[PDB]
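Here is the structure we will look at.
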Amino acid sequence: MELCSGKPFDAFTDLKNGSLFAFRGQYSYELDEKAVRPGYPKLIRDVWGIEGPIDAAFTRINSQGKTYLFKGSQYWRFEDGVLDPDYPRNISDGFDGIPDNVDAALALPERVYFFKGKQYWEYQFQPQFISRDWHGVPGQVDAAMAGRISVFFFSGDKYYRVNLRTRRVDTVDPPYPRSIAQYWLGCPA
Ligand SMILES: [Cl-]
Ligand code: NA
Ligand code: NA
């Protein structure tokens, strides 16, 4: 499927060195401005060596910058696209207190956040309600990712931008929630 199909996404990694990956179904899309074919649809099994769909993803901010993919009760950790030895592992073993089958995850510009249903967990290398602490985020999310100064939450075919200083959905025009394809990816009309 094409990146700009307008369909919802399943997971996003965090912006790292100007690039990130989006996931939808069996497909992995590398989002890099330097790409000659930006967002060329590749198979998750071909790029990451695992079957889609995936549940959530994040990338850590440290210099190793390892990427974590979550599916069901398991997670995989990669470095430079290569699966580390002794993965996959159980979420319950790597992330004590985090549930299986998460909806989304993100790593802050060291804190990671997991989202499932109306709740989210803070993990540092006690659930709370998403709408209580992320002002303007409706509750249930389908995917999330962090940039440098903002985080983004995805719901169906639309998304929200949250300012990290205020923890509030920013006021833009047209307002959030708005089309992922049109306003986040800049897809052609
Ligand atoms: Cl995600
Ligand atoms: Na994510
Ligand atoms: Na998801």
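First residue shown is number 1, and so on along the chain.
Placed from the backbone N, Cα and C atoms, the Cβ positions cover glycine too.
Over in Swiss-Prot, the protein carries these features:
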type     : residues : note
CARBOHYD : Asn17    : N-linked glycosylation site
CARBOHYD : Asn90    : N-linked glycosylation site
MOD_RES  : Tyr123   : sulfotyrosine
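Separation across the 8-residue hole in the deposited chain, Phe125 to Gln126, is 15 Å (Cα atoms). In the deposited model, 7 residues between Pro109 and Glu110 are missing, and the Cα-Cα distance across the gap is 8 Å. It is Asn90 that, of the glycosylation sites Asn17, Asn90, has its Cβ surrounded by the most other Cβ atoms within 10 Å.
Reduced to three states, the DSSP call for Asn90 (N-linked glycosylation site) is strand. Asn17 (N-linked glycosylation site) falls outside any helix or strand according to DSSP and counts as coil. Taking a C-beta cut-off of under 8 Å and a sequence gap of six or more, the residue listed as 'sulfotyrosine' has these contacts in its own chain: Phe95, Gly97, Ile98, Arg111, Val112, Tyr113, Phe114. The two recorded residues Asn17 (N-linked glycosylation site) and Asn90 (N-linked glycosylation site) have their Cα atoms spaced 28 Å from each other.
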